[PDB]
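Asker: Following this line is run_31.cif, made up of mmCIF, C-alpha atoms; chains and numbers go by the auth columns:
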data_coords
loop_
_atom_site.group_PDB
_atom_site.id
_atom_site.type_symbol
_atom_site.label_atom_id
_atom_site.label_comp_id
_atom_site.label_asym_id
_atom_site.label_seq_id
_atom_site.Cartn_x
_atom_site.Cartn_y
_atom_site.Cartn_z
_atom_site.B_iso_or_equiv
_atom_site.auth_seq_id
_atom_site.auth_asym_id
ATOM 1 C CA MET A 1 0.000 0.000 0.000 0.00 1 A
ATOM 2 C CA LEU A 2 1.740 3.186 -1.226 0.00 2 A
ATOM 3 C CA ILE A 3 0.640 6.292 0.727 0.00 3 A
ATOM 4 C CA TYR A 4 0.652 9.583 -1.216 0.00 4 A
ATOM 5 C CA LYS A 5 0.659 13.063 0.374 0.00 5 A
ATOM 6 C CA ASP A 6 0.670 16.352 -1.579 0.00 6 A
ATOM 7 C CA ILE A 7 1.973 19.631 -0.141 0.00 7 A
ATOM 8 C CA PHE A 8 -1.676 20.816 -0.466 0.00 8 A
ATOM 9 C CA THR A 9 -3.552 17.469 -0.051 0.00 9 A
ATOM 10 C CA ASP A 10 -1.855 16.949 3.347 0.00 10 A
ATOM 11 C CA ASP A 11 -5.410 16.919 4.788 0.00 11 A
ATOM 12 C CA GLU A 12 -6.811 13.716 3.198 0.00 12 A
ATOM 13 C CA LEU A 13 -3.610 12.034 1.868 0.00 13 A
ATOM 14 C CA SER A 14 -4.446 8.392 0.958 0.00 14 A
ATOM 15 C CA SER A 15 -3.034 4.936 0.047 0.00 15 A
ATOM 16 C CA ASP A 16 -3.173 3.142 -3.342 0.00 16 A
ATOM 17 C CA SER A 17 -1.128 0.795 -5.588 0.00 17 A
ATOM 18 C CA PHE A 18 -0.184 2.293 -8.993 0.00 18 A
ATOM 19 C CA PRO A 19 3.160 2.473 -10.946 0.00 19 A
ATOM 20 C CA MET A 20 4.333 5.823 -12.434 0.00 20 A
ATOM 21 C CA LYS A 21 6.925 7.239 -14.888 0.00 21 A
ATOM 22 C CA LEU A 22 8.862 10.309 -13.628 0.00 22 A
ATOM 23 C CA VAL A 23 9.496 12.476 -16.720 0.00 23 A
ATOM 24 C CA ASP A 24 12.155 15.254 -16.700 0.00 24 A
ATOM 25 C CA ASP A 25 12.449 14.688 -12.899 0.00 25 A
ATOM 26 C CA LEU A 26 9.425 17.044 -12.681 0.00 26 A
ATOM 27 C CA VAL A 27 6.141 15.079 -13.045 0.00 27 A
ATOM 28 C CA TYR A 28 4.812 11.505 -12.748 0.00 28 A
ATOM 29 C CA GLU A 29 3.324 10.115 -15.982 0.00 29 A
ATOM 30 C CA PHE A 30 0.564 7.462 -15.660 0.00 30 A
ATOM 31 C CA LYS A 31 -0.850 5.233 -18.438 0.00 31 A
ATOM 32 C CA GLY A 32 -4.652 5.150 -18.850 0.00 32 A
ATOM 33 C CA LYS A 33 -7.367 3.398 -20.895 0.00 33 A
ATOM 34 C CA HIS A 34 -10.739 4.503 -22.370 0.00 34 A
ATOM 35 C CA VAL A 35 -13.380 2.470 -20.471 0.00 35 A
ATOM 36 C CA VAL A 36 -17.040 2.562 -19.348 0.00 36 A
ATOM 37 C CA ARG A 37 -18.714 2.140 -15.906 0.00 37 A
ATOM 38 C CA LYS A 38 -22.459 1.341 -15.948 0.00 38 A
ATOM 39 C CA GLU A 39 -24.489 -0.867 -13.557 0.00 39 A
ATOM 40 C CA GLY A 40 -25.978 -2.566 -16.648 0.00 40 A
ATOM 41 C CA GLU A 41 -23.242 -2.130 -19.306 0.00 41 A
ATOM 42 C CA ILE A 42 -19.564 -2.887 -19.985 0.00 42 A
ATOM 43 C CA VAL A 43 -18.509 -1.966 -23.559 0.00 43 A
ATOM 44 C CA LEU A 44 -15.036 -0.351 -23.892 0.00 44 A
ATOM 45 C CA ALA A 45 -14.048 -1.845 -27.299 0.00 45 A
ATOM 46 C CA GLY A 46 -15.263 1.256 -29.194 0.00 46 A
ATOM 47 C CA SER A 47 -12.130 2.297 -31.129 0.00 47 A
ATOM 48 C CA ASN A 48 -13.759 5.079 -33.183 0.00 48 A
ATOM 49 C CA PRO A 49 -15.656 7.678 -31.009 0.00 49 A
ATOM 50 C CA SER A 50 -13.209 10.120 -29.338 0.00 50 A
ATOM 51 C CA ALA A 51 -13.765 11.869 -25.973 0.00 51 A
ATOM 52 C CA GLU A 52 -11.487 14.858 -25.152 0.00 52 A
ATOM 53 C CA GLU A 53 -13.639 15.593 -22.069 0.00 53 A
ATOM 54 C CA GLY A 54 -15.495 13.350 -19.609 0.00 54 A
ATOM 55 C CA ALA A 55 -19.283 13.077 -19.256 0.00 55 A
ATOM 56 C CA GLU A 56 -22.483 14.855 -18.165 0.00 56 A
ATOM 57 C CA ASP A 57 -24.499 12.463 -15.944 0.00 57 A
ATOM 58 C CA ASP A 58 -24.142 12.328 -12.126 0.00 58 A
ATOM 59 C CA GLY A 59 -22.616 8.826 -12.412 0.00 59 A
ATOM 60 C CA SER A 60 -20.378 9.407 -9.326 0.00 60 A
ATOM 61 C CA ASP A 61 -16.573 8.878 -9.244 0.00 61 A
ATOM 62 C CA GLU A 62 -16.430 5.055 -9.618 0.00 62 A
ATOM 63 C CA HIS A 63 -19.748 4.693 -11.511 0.00 63 A
ATOM 64 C CA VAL A 64 -19.231 7.067 -14.495 0.00 64 A
ATOM 65 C CA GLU A 65 -20.503 5.262 -17.644 0.00 65 A
ATOM 66 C CA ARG A 66 -17.980 7.318 -19.684 0.00 66 A
ATOM 67 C CA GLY A 67 -14.437 7.882 -18.410 0.00 67 A
ATOM 68 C CA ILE A 68 -10.822 6.694 -18.174 0.00 68 A
ATOM 69 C CA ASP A 69 -9.412 3.637 -16.319 0.00 69 A
ATOM 70 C CA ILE A 70 -7.211 6.005 -14.255 0.00 70 A
ATOM 71 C CA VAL A 71 -10.076 7.889 -12.568 0.00 71 A
ATOM 72 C CA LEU A 72 -12.869 5.268 -12.501 0.00 72 A
ATOM 73 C CA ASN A 73 -10.669 2.726 -10.664 0.00 73 A
ATOM 74 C CA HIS A 74 -9.225 5.415 -8.328 0.00 74 A
ATOM 75 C CA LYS A 75 -12.605 7.123 -7.665 0.00 75 A
ATOM 76 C CA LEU A 76 -12.052 10.578 -9.214 0.00 76 A
ATOM 77 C CA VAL A 77 -14.911 12.876 -10.340 0.00 77 A
ATOM 78 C CA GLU A 78 -14.562 15.308 -13.289 0.00 78 A
ATOM 79 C CA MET A 79 -14.096 19.028 -12.605 0.00 79 A
ATOM 80 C CA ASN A 80 -14.428 21.264 -15.690 0.00 80 A
ATOM 81 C CA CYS A 81 -11.777 23.924 -16.459 0.00 81 A
ATOM 82 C CA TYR A 82 -14.312 26.796 -16.818 0.00 82 A
ATOM 83 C CA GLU A 83 -15.203 26.486 -13.093 0.00 83 A
ATOM 84 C CA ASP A 84 -11.909 25.007 -11.803 0.00 84 A
ATOM 85 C CA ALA A 85 -10.222 28.254 -13.007 0.00 85 A
ATOM 86 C CA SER A 86 -10.045 29.582 -9.413 0.00 86 A
ATOM 87 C CA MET A 87 -9.220 26.148 -7.935 0.00 87 A
ATOM 88 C CA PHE A 88 -6.136 25.144 -9.997 0.00 88 A
ATOM 89 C CA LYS A 89 -5.032 28.822 -10.022 0.00 89 A
ATOM 90 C CA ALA A 90 -5.125 28.760 -6.188 0.00 90 A
ATOM 91 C CA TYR A 91 -3.290 25.402 -6.044 0.00 91 A
ATOM 92 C CA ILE A 92 -0.579 26.697 -8.431 0.00 92 A
ATOM 93 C CA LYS A 93 -0.235 29.791 -6.196 0.00 93 A
ATOM 94 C CA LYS A 94 0.373 27.706 -3.030 0.00 94 A
ATOM 95 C CA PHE A 95 2.380 25.149 -5.036 0.00 95 A
ATOM 96 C CA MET A 96 4.876 27.548 -6.683 0.00 96 A
ATOM 97 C CA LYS A 97 5.410 29.354 -3.359 0.00 97 A
ATOM 98 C CA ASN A 98 5.885 26.110 -1.370 0.00 98 A
ATOM 99 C CA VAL A 99 8.068 24.205 -3.896 0.00 99 A
ATOM 100 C CA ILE A 100 10.591 27.036 -4.408 0.00 100 A
ATOM 101 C CA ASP A 101 10.557 27.746 -0.652 0.00 101 A
ATOM 102 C CA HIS A 102 11.283 24.114 0.362 0.00 102 A
ATOM 103 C CA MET A 103 13.852 23.820 -2.467 0.00 103 A
ATOM 104 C CA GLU A 104 15.964 26.876 -1.535 0.00 104 A
ATOM 105 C CA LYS A 105 15.586 25.711 2.102 0.00 105 A
ATOM 106 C CA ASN A 106 17.792 22.651 1.376 0.00 106 A
ATOM 107 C CA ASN A 107 19.810 23.430 -1.797 0.00 107 A
ATOM 108 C CA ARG A 108 20.209 27.269 -1.533 0.00 108 A
ATOM 109 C CA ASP A 109 21.971 27.517 -4.945 0.00 109 A
ATOM 110 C CA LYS A 110 20.404 30.324 -7.025 0.00 110 A
ATOM 111 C CA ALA A 111 21.627 28.613 -10.237 0.00 111 A
ATOM 112 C CA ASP A 112 19.836 25.333 -9.412 0.00 112 A
ATOM 113 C CA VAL A 113 16.520 26.642 -7.992 0.00 113 A
ATOM 114 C CA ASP A 114 16.266 28.935 -11.046 0.00 114 A
ATOM 115 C CA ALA A 115 16.726 25.852 -13.279 0.00 115 A
ATOM 116 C CA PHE A 116 14.048 23.957 -11.308 0.00 116 A
ATOM 117 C CA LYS A 117 11.717 26.981 -11.518 0.00 117 A
ATOM 118 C CA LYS A 118 12.300 26.911 -15.305 0.00 118 A
ATOM 119 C CA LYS A 119 11.139 23.250 -15.425 0.00 119 A
ATOM 120 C CA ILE A 120 7.800 24.014 -13.747 0.00 120 A
ATOM 121 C CA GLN A 121 7.564 27.381 -15.583 0.00 121 A
ATOM 122 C CA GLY A 122 7.590 25.663 -18.987 0.00 122 A
ATOM 123 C CA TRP A 123 5.139 23.015 -17.732 0.00 123 A
ATOM 124 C CA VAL A 124 2.529 25.490 -16.389 0.00 124 A
ATOM 125 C CA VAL A 125 2.832 28.082 -19.217 0.00 125 A
ATOM 126 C CA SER A 126 2.320 25.315 -21.820 0.00 126 A
ATOM 127 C CA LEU A 127 -0.346 23.457 -19.783 0.00 127 A
ATOM 128 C CA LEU A 128 -2.334 26.694 -19.245 0.00 128 A
ATOM 129 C CA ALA A 129 -2.453 27.363 -23.033 0.00 129 A
ATOM 130 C CA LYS A 130 -6.268 27.572 -22.932 0.00 130 A
ATOM 131 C CA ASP A 131 -7.465 27.242 -26.561 0.00 131 A
ATOM 132 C CA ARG A 132 -5.389 24.084 -27.292 0.00 132 A
ATOM 133 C CA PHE A 133 -5.435 22.411 -23.840 0.00 133 A
ATOM 134 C CA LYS A 134 -9.120 23.503 -23.656 0.00 134 A
ATOM 135 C CA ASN A 135 -9.984 19.759 -23.798 0.00 135 A
ATOM 136 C CA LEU A 136 -8.123 18.893 -20.539 0.00 136 A
ATOM 137 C CA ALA A 137 -9.893 17.476 -17.457 0.00 137 A
ATOM 138 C CA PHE A 138 -9.297 18.130 -13.720 0.00 138 A
ATOM 139 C CA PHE A 139 -10.217 15.033 -11.661 0.00 139 A
ATOM 140 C CA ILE A 140 -10.455 15.422 -7.865 0.00 140 A
ATOM 141 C CA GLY A 141 -10.589 12.732 -5.146 0.00 141 A
ATOM 142 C CA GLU A 142 -13.971 11.288 -4.031 0.00 142 A
ATOM 143 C CA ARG A 143 -13.239 12.290 -0.401 0.00 143 A
ATOM 144 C CA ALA A 144 -12.575 15.925 -1.427 0.00 144 A
ATOM 145 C CA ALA A 145 -15.511 16.190 -3.870 0.00 145 A
ATOM 146 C CA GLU A 146 -17.907 14.848 -1.210 0.00 146 A
ATOM 147 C CA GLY A 147 -16.165 16.725 1.631 0.00 147 A
ATOM 148 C CA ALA A 148 -15.683 20.055 -0.213 0.00 148 A
ATOM 149 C CA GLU A 149 -12.043 20.040 1.011 0.00 149 A
ATOM 150 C CA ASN A 150 -8.558 20.516 -0.534 0.00 150 A
ATOM 151 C CA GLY A 151 -8.133 17.107 -2.160 0.00 151 A
ATOM 152 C CA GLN A 152 -5.666 16.467 -5.011 0.00 152 A
ATOM 153 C CA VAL A 153 -6.599 17.782 -8.479 0.00 153 A
ATOM 154 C CA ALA A 154 -5.042 15.296 -10.928 0.00 154 A
ATOM 155 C CA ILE A 155 -4.083 16.618 -14.398 0.00 155 A
ATOM 156 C CA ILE A 156 -5.718 14.518 -17.158 0.00 156 A
ATOM 157 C CA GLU A 157 -3.856 15.031 -20.462 0.00 157 A
ATOM 158 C CA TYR A 158 -4.731 13.910 -24.009 0.00 158 A
ATOM 159 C CA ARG A 159 -1.817 12.155 -25.795 0.00 159 A
ATOM 160 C CA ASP A 160 -1.556 9.550 -28.573 0.00 160 A
ATOM 161 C CA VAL A 161 1.217 6.956 -29.057 0.00 161 A
ATOM 162 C CA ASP A 162 2.059 6.772 -32.800 0.00 162 A
ATOM 163 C CA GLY A 163 -1.663 7.479 -33.378 0.00 163 A
ATOM 164 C CA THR A 164 -3.233 5.440 -30.544 0.00 164 A
ATOM 165 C CA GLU A 165 -5.068 8.011 -28.396 0.00 165 A
ATOM 166 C CA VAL A 166 -4.566 7.307 -24.670 0.00 166 A
ATOM 167 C CA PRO A 167 -5.466 9.354 -21.530 0.00 167 A
ATOM 168 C CA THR A 168 -2.243 10.338 -19.716 0.00 168 A
ATOM 169 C CA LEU A 169 -2.274 11.373 -16.036 0.00 169 A
ATOM 170 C CA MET A 170 0.355 13.774 -14.656 0.00 170 A
ATOM 171 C CA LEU A 171 1.224 14.870 -11.086 0.00 171 A
ATOM 172 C CA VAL A 172 4.095 17.140 -9.957 0.00 172 A
ATOM 173 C CA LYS A 173 6.834 15.395 -7.907 0.00 173 A
ATOM 174 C CA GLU A 174 7.641 18.495 -5.799 0.00 174 A
ATOM 175 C CA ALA A 175 3.960 18.453 -4.761 0.00 175 A
ATOM 176 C CA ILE A 176 3.265 14.708 -4.428 0.00 176 A
ATOM 177 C CA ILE A 177 5.366 12.840 -1.815 0.00 177 A
ATOM 178 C CA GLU A 178 5.184 9.036 -1.339 0.00 178 A
ATOM 179 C CA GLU A 179 5.333 6.741 1.719 0.00 179 A
ATOM 180 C CA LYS A 180 6.716 3.259 0.996 0.00 180 A
ATOM 181 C CA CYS A 181 4.659 0.393 2.487 0.00 181 A
ATOM 182 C CA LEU A 182 5.168 -2.901 0.600 0.00 182 A
ATOM 183 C CA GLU A 183 7.419 -5.173 2.698 0.00 183 A
#
Could you render the structure as C-alpha cells?
Answerer:
Amino acid sequence: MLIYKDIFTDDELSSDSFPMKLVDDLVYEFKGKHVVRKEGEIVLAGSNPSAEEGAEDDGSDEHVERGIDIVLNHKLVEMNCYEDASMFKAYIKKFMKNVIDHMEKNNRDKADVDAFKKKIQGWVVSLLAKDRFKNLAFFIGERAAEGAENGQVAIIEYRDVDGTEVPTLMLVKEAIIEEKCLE
C-alpha cells in the first residue's frame, strides 16, 4: 500500500497501488485506458468515437458510464476547467510558493533553484495554453468532492502513441510525496 501526500492534499492524503513514470524529474506520468462504468453495461471496445472531455451524468466517481481507467478505478470525479479556473489557479499559487521555498531551504543555490523553476515554468505556461489544452480534465478525489475540502486535483492530459489516443495522467513530484509500504 503506497501512501501519497501532496503539499496541499496533506489533509486527506491516501493509500493506493499504482506504478508511475517520472518524466524530466518534474512530473509523474501514468498510463490510462478509455473504459465505461455502468451498472448494466460494460462496452469499452469502441475504437472510433473520441472523448477529449469526460461526461455529463451524475454517475459518481467510480460509476461514471464514460471515463478513463485512471479515474474510474481510483474514484475521481470530473471538474471542468471553466469552473476550476479559481481552484487550480489557487493550487498553483500555493504550489509555486511552497516548492521554491522548500527547495531553496535545502539546496540554496540560485543557479539550481532557477533551473528547477524553469522546469515548472515551462510546464505550467504550456499546460495553461487555454485554446489548445481547452480539452483537458481536472479530476479530484472522491473524499474531497464529497467533503468540499482541498483534495488532489489530478491533471488529465490527451496524448496519442504513434496514433493510438490514450489518456495520460500527470502529477508534480515536488507536490506529491510518497510513503513506501510494501514489505
Asker: Which of these residues is nearest to residue 170 (chain A), using all atoms listed in the file: A:103, A:128, A:7, A:156?
Answerer: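 Smallest distance to residue 170 (chain A) is found for A:156.
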Asker: Give as a PDB file with C-alpha atoms, keeping the file's coordinate frame the residues that the PyMOL selection byres ((chain A and resi 18) around 10) matches when applied to the coordinates above.
Answerer:
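Written out: expr.pdb:
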ATOM      1  CA  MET A   1       0.000   0.000   0.000  1.00  0.00           C
ATOM      2  CA  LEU A   2       1.740   3.186  -1.226  1.00  0.00           C
ATOM      3  CA  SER A  15      -3.034   4.936   0.047  1.00  0.00           C
ATOM      4  CA  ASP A  16      -3.173   3.142  -3.342  1.00  0.00           C
ATOM      5  CA  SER A  17      -1.128   0.795  -5.588  1.00  0.00           C
ATOM      6  CA  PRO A  19       3.160   2.473 -10.946  1.00  0.00           C
ATOM      7  CA  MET A  20       4.333   5.823 -12.434  1.00  0.00           C
ATOM      8  CA  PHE A  30       0.564   7.462 -15.660  1.00  0.00           C
ATOM      9  CA  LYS A  31      -0.850   5.233 -18.438  1.00  0.00           C
ATOM     10  CA  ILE A  70      -7.211   6.005 -14.255  1.00  0.00           C
ATOM     11  CA  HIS A  74      -9.225   5.415  -8.328  1.00  0.00           C
TER      12      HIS A  74
END
Asker: Please report the interatomic distance between CA of residue 81 (chain A) and CA of residue 146 (chain A) in Å with one decimal.
Answerer: 18.8 Å
Asker: For residue 42 (chain A), which residue among A:21, A:75, A:66, A:132 is the nearest when counting all atoms listed in the file?
Answerer: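 The shortest atom-to-atom distance to residue 42 (chain A) comes from A:66.
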Asker: Evaluate the PyMOL selection byres ((chain A and resi 179) around 8) on the structure here and hand back the selected residues as an NGL selection string.
Answerer: :A and (2-5 or 177-178 or 180-181)
Asker: Can you spell out as a list in words the set of residues that the PyMOL selection byres ((chain A and resi 95-102) around 8) selects in the structure I just provided?
Answerer: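 With the shown file as input, the PyMOL selection byres ((chain A and resi 95-102) around 8) matches residues 7, 8, 91, 92, 93, 94, 103, 104, 105, 106, 113, 117, 174 and 175 of chain A.
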Asker: Using the file's own x, y and z axes, what box holds all listed atoms of region 43-51 of chain A with 5 Å on each side, keeping edges along x, y and z, and what are its centre and edge lengths in Å to one decimal, as AutoDock Vina command-line options?
Answerer:
--center_x -15.3 --center_y 5.0 --center_z -28.4 --size_x 16.4 --size_y 23.8 --size_z 19.6
Asker: Do you have the CA of residue 150 (chain A)-CA of residue 71 (chain A) distance handy?
Answerer: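 CA of residue 150 (chain A) sits 17.5 Å away from CA of residue 71 (chain A).
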Asker: Figure out the distance between CA of residue 61 (chain A) and CA of residue 78 (chain A), please, to one decimal in Å.
Answerer: 7.9 Å
Asker: Please tabulate, as a Markdown table, the residues of region 70-99 of chain A that come within 6 Å of region 136-139 of chain A, each with its closest pair of atoms and the distance in Å to one decimal, counting all atoms listed in the file and ordering rows by chain, then residue number upward.
Answerer:
| residue | atom | partner | partner_atom | distance |
| --- | --- | --- | --- | --- |
| A:76 | CA | A:139 | CA | 5.4 |
| A:77 | CA | A:139 | CA | 5.3 |
| A:78 | CA | A:139 | CA | 4.6 |
| A:79 | CA | A:138 | CA | 5.0 |
Asker: With all atoms listed in the file as the atoms that count, which of A:183, A:172, A:141, A:44 lies nearest to residue 28 (chain A)?
Answerer: A:172
Asker: So, with only C-alpha atoms as the atoms that count, which of A:33, A:134, A:159, A:173 lies closest to residue 80 (chain A)?
Answerer: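 Checking each candidate against residue 80 (chain A), we get A:134 as the closest.
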Asker: So which residues touch residue 63 (chain A) within 10 Å, counting only C-alpha atoms, skipping near sequence neighbours fewer than 3 positions away, as a PyMOL selection string?
Answerer: chain A and resi 36-39+58-60+66-67+72-73+75-77
Asker: Copy region 22-38 of chain A out of the block into a file, keeping C-alpha atoms, as an mmCIF file, in the first residue's frame.
Answerer:
data_model
loop_
_atom_site.group_PDB
_atom_site.id
_atom_site.type_symbol
_atom_site.label_atom_id
_atom_site.label_comp_id
_atom_site.auth_asym_id
_atom_site.auth_seq_id
_atom_site.Cartn_x
_atom_site.Cartn_y
_atom_site.Cartn_z
ATOM 1 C CA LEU A 22 8.862 10.309 -13.628
ATOM 2 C CA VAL A 23 9.496 12.476 -16.720
ATOM 3 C CA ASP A 24 12.155 15.254 -16.700
ATOM 4 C CA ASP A 25 12.449 14.688 -12.899
ATOM 5 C CA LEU A 26 9.425 17.044 -12.681
ATOM 6 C CA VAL A 27 6.141 15.079 -13.045
ATOM 7 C CA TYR A 28 4.812 11.505 -12.748
ATOM 8 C CA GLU A 29 3.324 10.115 -15.982
ATOM 9 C CA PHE A 30 0.564 7.462 -15.660
ATOM 10 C CA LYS A 31 -0.850 5.233 -18.438
ATOM 11 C CA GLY A 32 -4.652 5.150 -18.850
ATOM 12 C CA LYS A 33 -7.367 3.398 -20.895
ATOM 13 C CA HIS A 34 -10.739 4.503 -22.370
ATOM 14 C CA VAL A 35 -13.380 2.470 -20.471
ATOM 15 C CA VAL A 36 -17.040 2.562 -19.348
ATOM 16 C CA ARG A 37 -18.714 2.140 -15.906
ATOM 17 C CA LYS A 38 -22.459 1.341 -15.948
#
